[PDB]
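FYI, side chains are in, hydrogens and waters are out, and symmetry mates aren't considered; it's all heavy atoms of this structure. Residue numbers begin at 1 in each chain, while the letters A, B, ... track the order of the sequences.
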Amino acid sequence: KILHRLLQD
Amino acid sequence: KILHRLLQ
Amino acid sequence: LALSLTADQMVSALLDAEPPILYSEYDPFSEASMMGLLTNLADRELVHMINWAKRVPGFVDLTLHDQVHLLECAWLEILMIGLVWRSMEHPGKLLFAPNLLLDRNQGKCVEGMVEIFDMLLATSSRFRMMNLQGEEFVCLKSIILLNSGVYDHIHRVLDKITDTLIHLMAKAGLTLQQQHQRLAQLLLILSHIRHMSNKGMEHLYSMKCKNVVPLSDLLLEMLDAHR
Amino acid sequence: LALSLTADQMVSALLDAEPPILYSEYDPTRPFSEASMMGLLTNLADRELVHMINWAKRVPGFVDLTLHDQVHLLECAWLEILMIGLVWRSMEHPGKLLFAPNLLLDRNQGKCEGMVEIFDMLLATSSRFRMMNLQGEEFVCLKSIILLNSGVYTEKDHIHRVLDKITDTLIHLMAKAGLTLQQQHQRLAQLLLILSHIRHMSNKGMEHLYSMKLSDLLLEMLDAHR
Ligand SMILES: Oc1ccc(-c2cc(-c3ccc(O)cc3)c(-c3ccc(O)cc3)s2)cc1
């Protein structure tokens with residue numbers, strides 16, 4: 001999910 | 001509407 | 001014109017205006033059995049909710065068009081907050097009717113979300129974890145009726161109900177920091193109940209044109225307001 | 001934990017964590033079709049989401065949650081956060097919705113395709129904030145509440161603990177404003193009751209977005225709702 005990655009950056 | 005008569 | 005009440009005059013009037021807890025037909029479960037049993041229970045509860053609404057202080061002071069609007073917008077919220085209240089002391093179970101106690105398993109017999117079922121279980125779990133009082137419950141049900149369909153007198157009544165709800169907290173001996181924190185936790189739950197209603201409303205509108213169960217004349221007229 | 005900040009430190013952190021107000025790829029010389037508004041508001045919501053994520057990370061207590069919980073809270077509340085942000089910046093614009101400094105719409109092109117009702121409800125919400133003079137300090141608190149409350153059910157009771165601190169923060173503002181205790185907590189109720197309507201507008205706009213079916217991230221947010 002794109003949402004999961006942005007929170008991990 | 002049924003709600004009308006029930007409210008009066 | 002009953003805006004002059006004290007809080008306990010507001011509380012006792014709301015407690016005395018409570019509709020009864022109706023019984024189901026309950027047969028001692030398919031998707032047609034549940035949706036049929038909940039439909040008939042809902043339709044019979046609607047006629048009591050209407051007469052209860054007339055007995056909510058301030059509701060009779062509104063025009064017929066406005067009374068129709070407030071009820072058409074909040075009627076499922078009111079059923080669900082009642083459902084959630086009378087399910088408090090059945091953790092993990094929803095007490096639709098005293099003879100119709102359902103849990104999450106058969107709650108999956110409907111294509112409608114069990115997430116709505118588990119949301120109702122979560123809401124009743126939150127009521128149980130914070131010892132929601134019946135006097136507070138009837139205040140919250142009144143707020144749903146007057147707030148959900150607001151788009152003055154109704155704002156003066158909601159303020160008065162807020163003061164009423166806080167009178168309850170006051171008595172006794174919870175501190176103001178936990179008195180308006182308790183008020184905040186209560187009202188934020190009304191945001192969830194509105195969510196469960198919109199989610200549940202969109203599924204009832206599905207089974208409307210899907211011909212799953214013969215609905216009620218009165219129940220379809222509430223659904224024509226949400227379309 | 002980190003949630004030891006005083007109510008005034010809470011206000012400062014939220015005020016400084018505010019996302020920017022983005023612009024629209026809007027052309028006033030071009031007319032407004034149903035798909036023009038559909039395309040404009042979609043791209044604007046999509047570019048706002050990446051700011052909302054980084055804003056959410058700067059919300060006190062949101063970092064303490066797991067990745068799965070942060071995904072859930074943002075998947076349930078993101079359209080409410082855009083909407084109350086929309087309602088907030090449309091306050092000084094009576095009868096209009098200020099989607100962007102260049103994208104100021106009214107109840108004429110708002111009908112441009114499905115559902116106007118939300119539009120008037122957003123207007124009435126903006127009119128509500130106007131009539132009661134919503135202050136920025138009160139807006140940042142409510143927006144935080146939406147992020148934490150909308151998905152508290154949709155361990156972590158510290159979410160309730162942070163929610164309790166935001167409530168304490170809210171009445172702290174109103175007390176330092178000449179508002180009596182009665183005027184104080186009934187104000188608090190008027191604010192929290194508006195969050196019910198924003199939930200309703202969001203659910204209505206949510207199911208509408210699923211019917212008209214964009215951004216890849218926006219599609220990841222839609223799959224959470226149903
Ligand atoms: O910061 C924000 C970014 C976008 C939005 C949206 C507002 C609307 C909307 C609301 C009412 C109305 O009558 C028309 C549009 C959005 C929307 C876009 C497409 C669609 O199919 C449905 C809703 S997005 C708010 C704040």
Worksheet item: What class does the angle between the rings of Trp88(D) and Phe139(D) fall in, given that below 30° is parallel, 30 to 60° is tilted and above 60° is perpendicular?
Response: parallel
Fill in: Ring centre gap for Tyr205(C) and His226(C) strictly below 6.0 Å
no
Discussion item. Do the side chains of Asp159(C) and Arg187(D) get close enough for a salt bridge, i.e. N-O under 4.0 angstrom?
Written reply: no
Worksheet item: Non-hydrogen atoms of chain C under 4.5 Å away: do they reach the side chain of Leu181(D), the backbone, both or neither?
Response: side chain
Response to the item:
Applying a strict 4.5 Å limit to non-hydrogen atoms, the region of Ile193(C) in contact with chain D is neither
Item to complete: Could you go through the salt bridge (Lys or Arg N to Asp or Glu O under 4.0 Å) check for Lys143(D) and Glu18(D) one step at a time?
Response: CA-CA 10 Å; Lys143(D) 191 160 61 122; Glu18(D) 273 297 283; 3.0 Å; yes
Practice prompt. Can you tell which part of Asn198(C) gets under 4.5 Å to a heavy atom of chain D, answering side chain, backbone, both or neither?
Written response: side chain
